[PDB]
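Participant: Based on what follows, work out the 3D shape:
(chains A, B, C and D, ligands or ions: 7)
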Amino acid sequence: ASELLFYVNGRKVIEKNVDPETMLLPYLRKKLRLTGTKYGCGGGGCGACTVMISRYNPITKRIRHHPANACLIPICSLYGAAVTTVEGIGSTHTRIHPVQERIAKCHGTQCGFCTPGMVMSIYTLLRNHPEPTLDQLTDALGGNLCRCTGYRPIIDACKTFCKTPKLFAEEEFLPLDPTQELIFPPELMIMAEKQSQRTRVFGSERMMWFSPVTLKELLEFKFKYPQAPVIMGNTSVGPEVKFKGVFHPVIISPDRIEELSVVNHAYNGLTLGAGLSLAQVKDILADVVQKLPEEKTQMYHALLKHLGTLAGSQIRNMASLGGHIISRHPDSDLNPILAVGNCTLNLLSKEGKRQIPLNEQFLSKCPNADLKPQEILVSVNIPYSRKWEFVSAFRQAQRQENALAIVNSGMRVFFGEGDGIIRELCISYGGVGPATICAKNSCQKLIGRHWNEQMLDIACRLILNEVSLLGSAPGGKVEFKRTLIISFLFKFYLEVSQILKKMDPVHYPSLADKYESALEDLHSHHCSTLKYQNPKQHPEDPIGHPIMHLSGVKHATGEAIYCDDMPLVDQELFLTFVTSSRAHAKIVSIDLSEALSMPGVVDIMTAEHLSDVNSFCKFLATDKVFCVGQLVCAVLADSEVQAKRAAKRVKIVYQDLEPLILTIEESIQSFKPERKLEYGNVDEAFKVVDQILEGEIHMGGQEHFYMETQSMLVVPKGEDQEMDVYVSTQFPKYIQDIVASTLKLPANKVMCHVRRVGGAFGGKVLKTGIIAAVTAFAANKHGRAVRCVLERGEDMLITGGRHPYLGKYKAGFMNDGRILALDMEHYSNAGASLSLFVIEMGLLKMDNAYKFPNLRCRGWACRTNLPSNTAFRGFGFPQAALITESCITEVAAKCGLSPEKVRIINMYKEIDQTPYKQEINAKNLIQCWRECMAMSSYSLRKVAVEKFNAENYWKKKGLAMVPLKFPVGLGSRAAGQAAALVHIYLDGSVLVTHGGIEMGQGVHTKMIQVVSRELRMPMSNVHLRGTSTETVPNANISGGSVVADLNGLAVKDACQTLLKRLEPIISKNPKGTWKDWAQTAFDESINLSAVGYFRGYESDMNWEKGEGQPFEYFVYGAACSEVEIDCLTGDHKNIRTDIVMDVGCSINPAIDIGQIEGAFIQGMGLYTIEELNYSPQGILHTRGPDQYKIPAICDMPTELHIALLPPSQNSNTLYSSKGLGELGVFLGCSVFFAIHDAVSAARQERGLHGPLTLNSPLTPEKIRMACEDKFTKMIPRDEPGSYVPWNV
Amino acid sequence: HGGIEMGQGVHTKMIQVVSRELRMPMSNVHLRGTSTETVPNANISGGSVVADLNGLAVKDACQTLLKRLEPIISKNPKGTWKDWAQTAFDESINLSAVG
Amino acid sequence: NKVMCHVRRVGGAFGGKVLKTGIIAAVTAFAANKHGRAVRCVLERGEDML
Amino acid sequence: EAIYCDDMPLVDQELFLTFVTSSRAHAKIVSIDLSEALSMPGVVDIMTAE
Ligand SMILES: Cc1cc2nc3c(=O)[nH]c(=O)nc-3n(C[C@H](O)[C@H](O)[C@H](O)COP(=O)(O)OP(=O)(O)OC[C@H]3O[C@@H](n4cnc5c(N)ncnc54)[C@H](O)[C@@H]3O)c2cc1C
Ligand SMILES: Nc1nc2c(c(=O)[nH]1)N[C@H]1C(S)=C(S)[C@@H](COP(=O)(O)O)O[C@H]1N2
Ligand SMILES: Nc1nc2c(c(=O)[nH]1)N[C@H]1C(S)=C(S)[C@@H](COP(=O)(O)O)O[C@H]1N2
Ligand code: MOS
Ligand code: MOS
Ligand code: FES
Ligand code: FES
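Facilitator: Residues are numbered from 1 along each chain as shown, chains lettered A, B, ... in the order given. Ligands and ions are numbered 1, 2, ... in the order given. Have a look at this structure:
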């Protein structure tokens, strides 16, 4: 019966007979047509769907504003509330909000897909704290991810709100007026001011949803429907119905019940309401901690510690305390702490009040200690700590926040007045089994003992077998988890054996001098500076100026249309895929009968239904699958919901096939084509060298993790089989080809149109086209527009990633570290299909900065039963150059020289020759290295790090510096050709287009800068809509770091042609407007339309001889990075990074510096935190701590300096600029080798010499286990083939 | 081109022009419509001369295109338009032309 | 450069789909822009002749 | 199968525009009352020359 009534952006919204399953994000986008709020991930991790929620408290008379992730909010929860999206706070056709203005004008948007989420997080925080500190702002953005910007420019935007040659004018940003903000809708105040007791009911065919608004009613509903979940935040129930096949016919979702949100400050402690958010609990406890003395606030400190890291701001503000406790997630950060602290739960039934203790049995879901099915959690009591009572909580995740714990803990000790005899002890752990578990038996055996090292050795033994994991444990990482268990035990020993020292100095011993640093942990502040140059040029010429991205403000306001933001076209269908669940198996059968009969389903296509158009230059699996994630079926339905429902009812029966090949080593057991480069004579050189060294390095893959998933709309016109394809891709011409081929049509019938892409980084080409081809086949077959958009989980599985690499090397060198001989082997892991291109660029760019006089280099791509890998930002360089740096730091080790001494003496001279016999001027390579050594103060900081490491046993620092020679160029002249089309209308305005695609790199911004210079008119007079095969035909891929270079030359070419035609008119009226010139040109029959064309940079390679001139120019750079590691937990912190870069003359230094930072952080992630976990069966793991993590704000180095070396003329390139964009990625390994250095310093001090090869990614697991100590030796281990592991 | 099809068959005639000038069947040529986005500043479709005038402009683009390709055509006179177009791309010859 | 006009075919015009057409398009586009909505205007025969 | 202008599919949330036309050949416009028209089902806006 009831009606749902809430507000969105100030406007009333009413739904009668609303479906309770409707989530807010699709509702905003589809029913309200507010497409600013974006889908990124659908689990609440990325923050792209961030909105503000406002609520009136009728008793306290206060409006509360909190951020939240719209993907997880069911609209039935919003009754009487006010939502605000990015569109609500301002727009270009009203007034822009300052948050929107500044994030854009500080260049805090690249692709722009993450920008609305960032804006709403910052907006919401400024609504709660009008005059904030940067701490609060960066805390608010803990939940918000970005794959393009590197966060620095978003941090700068935030700083302009904080009362504490640049790229932006801060002194012109309009001030935040806190009184002219959005008014809370008065109707909602009036509704709130009259507490209706009537409980609301919403139904559909599938689900009943009850919102009780009194406590009486809540208990009434909990009795009737005992098995119905009580939804508070939906951050536990929501994510598991989405991708764990769970469904609830009845939901109970209470409104603000006062008894559920109590905050009692008792004499013995405090009792906290079960319906308080985790964010509100963090605030209550922060205040209590400051208002009370610091031995009654022991529990409250451990809770604050873990709440600082728990998820981000949006999830904390949605998630309830009762939800957290009842969920009983094994990785829960708060439950293990509550477990140890004598906490009790206040239960309430229709039958009565009742109280149970929060213990292990409860956390294990033993029904004796559990809630009975008909009752609800009202509140929890957390008592004050007694004097001589101490509490500690630890955790380790993949990154420092917004990441689920691999292992965590809560631990308590009680001494009871004076003497160090332990009278009580509770030790609880998470991530070590199905639930949070307490080591009670170990704890019994330790009662009576003193606090000293005799008891540690035994305590460690007797927990390590009580809280054991089998080698085949879910979650993997067994030996790391084993270590963390006892390493946290050590840290607790230290910590509490110091508060004892503090409180009772004479009776207890002080800690060992090299141990103290183990206690305080690594927790950031974010500083940055930027040098670059900027007389002779006109002030109206925009070339060289840091012009804001043209869509920057549209990103900030959500007015930028990305592919899925396009409005629903009349009667469009949705397409979703059934993907393979086996890595190498026979397809015995497919049953579609159940799926085909379900609501909305129109058609389900297997490979039979594509017949002779199931492959191009195969799309759908025929009779075998060759990796997980391979396409098998295509389900076409009236909606996305119906499509996915029906897809999950398709039954495919398999039969596994041998061999199941997963690694590169397995793949070496017919004929693979070799590539080879040879310089000098390496076989002779291996006889005149002082020493020889063999080794190898594995390198992991990498997900593109563009924030916009794969997305397209295919629309048949209904005439002559014309299709229009709107798709997020980097290569429209290829989309046109594969769709036309699939439909058996000429290319003139199929047109591909692309306005913008929300990031691509190489991973929106081949696989995109397959999906478009299949999608277009369905569209054409049924005469319907068809939309296909992938969810994040499917996307990562179906699309590939970067190629994993194996490097083997034999290096002959001199005792001064110079490398005269080098034999080298590269192996890419290709996945199911071919990849050879990536090997070729690997080998050509392998040299990097160094002159190897004798070199044999050989590479092979290796097919496995994994998703087929694709090209990525860098194109083999980040892999290939890491092989050679690993080889250097090993040679450095064997010479007792720093790697940076070995690098500097193996570098190319000013003039020198590459392994492929191309001449190079490497002057700017030397300068880049000189200036980076000077700027960074490398030599002084080197002794500072050595000094530190001599004084600290459990925490080490490291420093590294790597150089960059990044060559640029494609295989042929034809691959570099580029075209444009320019119109001048009779009002003088200009429309330009070209074959390049805007993916967030600012190519369209740069082309208007070119047009503005060449025609001598303001950029406001030029306009560009998009890219289209209809306007500019035969365009090459938007790739190879040269999109702007090449399309810039073609745009310039059209402009000059146009200016030549007009020069008669211009000379005869030199003071006239473009409107006058255009008009008289028309009046004199002069054409105002012109194609522009650039033929391409000359380029070639004879791969037989290994010699050629493949590259047009070389980008030079260097980068220094400093880190501190925790040897007990494997954590690390990026302290500082320094980057110098030769860019020629930057066409736009804002955009070019944006690309350096973005690439650097992307490389930083590749080499440290980004990790793809596959099972022995080839299944990708995507849940719990197996979650893939891209770099967040907390990973961005505390200090960051970036210099652009002053220019020196490249007549061959566009305005002497050098195409950066992909370069910066390899510079991320400065962090890798800084960590490598830190680990070596721990291994030298402790005396473990010889072979240390650390592989990429350098994860916390790999760091910890490399810092061997008594705890690494102590842990129990397995035989290799005795168990089947969760991973590898 | 800038002409509008009102039922007088102007688009039919332009494909007839293209077919003669590039020496290819009309089945190989296609036209979607008219747009200020593709052809700017076009005059009214009126005065009994829409086909005459836009026909001369279509012919002009075709001839330009044929001049660029004549090297490729003389070197392979029995080749398809697919072959000529492909080798033109491979030799960095532009296949778009204003008339 | 912000406004583009696209025409596939006309079902006869004979001169009578120029000035008056443009006025109606101008008024129509003003409404569309004002309300952020696509707006369709099609005349019935009686109104059209008048 | 030939698409003429009104044959184009309905685009998401499009509105329709229709005109009130003059009923006199040469007259002064003393007044326009839109109050009844504006209150009726579906109506979004009514524009005069103002
Ligand atoms: C992106 C993301 C990141 C996260 N990161 C972390 C992290 O770093 N560390 C960590 O520990 N956790 C993390 N979590 C887990 C999160 O903290 C929990 O999901 C949350 O606390 C559950 O609260 P809720 O209100 O959303 O529970 P809901 O999803 O609303 O409910 C879950 C269960 O609780 C029941 N329930 C709720 N309230 C009551 C009550 N009063 N009485 C009886 N039953 C009740 C429901 O019936 C249901 O069965 C993360 C979650 C997400 C989505
Ligand atoms: N924001 C953003 N920057 C990006 C990309 C992207 O998808 N988004 N792609 C990268 C890749 S793979 C390439 S190959 C280059 C190509 O564009 P450019 O030649 O203009 O640098 O952009 C790089 N920078
Ligand atoms: N079917 C048809 N024929 C038509 C018209 C039309 O609208 N429909 N318009 C006429 C008018 S007014 C003119 S001015 C000419 C212009 O086109 P042409 O120059 O190609 O003859 O077409 C004439 N023939
Ligand atoms: O150069 Mo990477 O976009 S193919
Ligand atoms: O020539 Mo009549 O179409 S103006
Ligand atoms: S934040 Fe909801 S989409 Fe990831
Ligand atoms: S701009 Fe943040 S994701 Fe590309």
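Participant: Please compute how far stretch A:16-29 lies from its chain's middle.
Facilitator: Centre-to-centre, stretch A:16-29 and its host chain are 28 Å apart (CA atoms, centre = their mean, to the nearest Å).
Participant: wait, stretch A:611-628
Facilitator: For stretch A:611-628, the distance to the chain centre is 31 Å (CA atoms, centre = their mean).
Participant: how far away is the residue in the stretch 1101-1250 of chain A that ligand 1 sits nearest to from residue A:276?
Facilitator: Here the residue of the stretch 1101-1250 of chain A nearest ligand 1 is residue A:1187; by CB to the nearest ligand atom that distance is 9.1 Å. Using the backbone N, CA and C atoms, a C-beta is placed for each residue, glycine as well. Taking CB to CB, to the nearest Å as the measure, residue A:1187 falls 27 Å from residue A:276.
Participant: more neighbours, those two?
Facilitator: residue A:276 (22 against 16; other CB atoms under 10 Å in any protein chain shown).
Participant: For the more buried one, give me its contacts.
Facilitator: For residue A:276, the contacting residues are A:261, A:263, A:284, A:320-321, by CB atoms under 8 Å, 6 or more residues apart in numbering or on different chains.
Participant: Tell me how far it lies from residue A:356.
Facilitator: 20 Å.
Participant: And for residue A:761?
Facilitator: For residue A:761, the distance to residue A:356 equals 52 Å [CB to CB].
Participant: ranges for the strands of the stretch 1001-1150 of chain A?
Facilitator: Secondary structure of the stretch 1001-1150 of chain A (DSSP state E, counting those that start in this stretch): strands at A:1022-1023, A:1027-1028, A:1089-1094, A:1100-1102, A:1107-1109, A:1113-1126, A:1132-1142.
Participant: I'd like the ones you listed as TSV, with distance to ligand 7 and mean neighbour count appended.
Facilitator: Output for these, formatted as TSV (distance: least, CB to the nearest ligand atom, whole Å; neighbours: other CB atoms under 10 Å in any protein chain shown):
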stretch	distance to ligand 7	mean neighbour count
strand A:1022-1023	22	21
strand A:1027-1028	18	25
strand A:1089-1094	28	21
strand A:1100-1102	33	14
strand A:1107-1109	35	17
strand A:1113-1126	22	26
strand A:1132-1142	20	25
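Participant: Would you mind saying which of the ones you listed lies nearest ligand 3?
Facilitator: Of all the strands of the stretch 1001-1150 of chain A, it is strand A:1089-1094 that lies closest to ligand 3, at 21.6 Å by CB to the nearest ligand atom.
Participant: which helices and strands sit right next to the closest one?
Facilitator: Helices and strands touching strand A:1089-1094, by 3 or more CB pairs under 8 Å, 6 or more residues apart in numbering or on different chains; DSSP states H and E, are strand A:978-984, helix A:1043-1067.
Participant: Could you look over these and pick the most buried one?
Facilitator: strand A:978-984 (a mean of 27; mean count of other CB atoms under 10 Å in any protein chain shown).
Participant: Is that strand positioned near chain B?
Facilitator: Yes - Strand A:978-984 is in contact with chain B by CB under 8 Å from any CB of the partner chain, via A:979, A:981, A:983-984.
Participant: any idea which of the contacts of residue A:276 has the most stuff around it?
Facilitator: Counting neighbours by other CB under 10 Å, residue A:320 comes out on top of the contacts of residue A:276 with 27 neighbours.
Participant: Run through the bridge partners of it.
Facilitator: Following DSSP bridges, residue A:320 is listed with bridge partners residue A:277.
Participant: one step back: is it true that the residue of the stretch 1101-1250 of chain A closest to ligand 1 touches residue A:398?
Facilitator: Yes - Residue A:1187 is within contact range of residue A:398, at 7.4 Å (criterion: CB atoms under 8 Å).
Participant: that older thread, have a look at residue A:761 and residue A:356 and say which one is more surrounded.
Facilitator: residue A:761 (31 against 17).
Participant: and whichever residue of the stretch 201-350 of chain A sits closest to ligand 6, what helix or strand is that in?
Facilitator: Closest residue of the stretch 201-350 of chain A to ligand 6, CB to the nearest ligand atom: residue A:314 (7.2 Å). For residue A:314, the enclosing helix or strand under DSSP states H and E is helix A:313-318.
Participant: Taking the stretch 1001-1150 of chain A, what residue is nearest to ligand 7?
Facilitator: For the stretch 1001-1150 of chain A, CB to the nearest ligand atom, closest residue to ligand 7: residue A:1001, 9.8 Å.
Participant: How many neighbouring residues does that residue have?
Facilitator: Neighbours of residue A:1001 (other CB under 10 Å): 31.
Participant: wait, doesn't it sit right on residue A:1148?
Facilitator: No - counting by CB under 8 Å, residue A:1001 stays clear of residue A:1148, with 10.4 Å between them.
Participant: before we move on, the earlier item: could you find the closest non-adjacent residue to the residue of the stretch 1001-1150 of chain A closest to ligand 7?
Facilitator: Leaving aside its sequence neighbours, residue A:1001 sits nearest to residue A:1221 (CB to CB, 6 or more residues apart in numbering or on different chains; 5.7 Å).
Participant: tell me the contacts of the one you found?
Facilitator: A:873, A:1001, A:1041, A:1043, A:1155, A:1159.
Participant: what do you get if the cut-off is 6 Å, keeping everything else the same?
Facilitator: Residue A:1221 makes contact with A:1001, A:1041, A:1155, according to CB atoms under 6 Å, 6 or more residues apart in numbering or on different chains.
Participant: how about the strands of the stretch 151-300 of chain A, start to end?
Facilitator: Going by DSSP E, counting those that start in this stretch, the stretch 151-300 of chain A shows strands at A:200-203, A:208-211, A:250-252, A:263-265, A:269-273.
Participant: Which single residue of chain A ends up nearest ligand 1?
Facilitator: Among the residues of chain A, residue A:323 lies closest to ligand 1, at 2.3 Å counting by CB to the nearest ligand atom.
Participant: give me every residue that touches that residue.
Facilitator: By CB under 6 Å, 6+ apart, the contact set of residue A:323 is A:232-233, A:236.
Participant: swap in residue A:590?
Facilitator: So residue A:590 contacts A:606, A:652 (CB under 6 Å, 6+ apart).
Participant: before we move on, what SS does it have?
Facilitator: strand (DSSP: H, G, I helix; E, B strand; the rest coil).
Participant: Tell me the bridge partners for it.
Facilitator: Under the criterion used (DSSP bridges), residue A:590 bridges to residue A:652.
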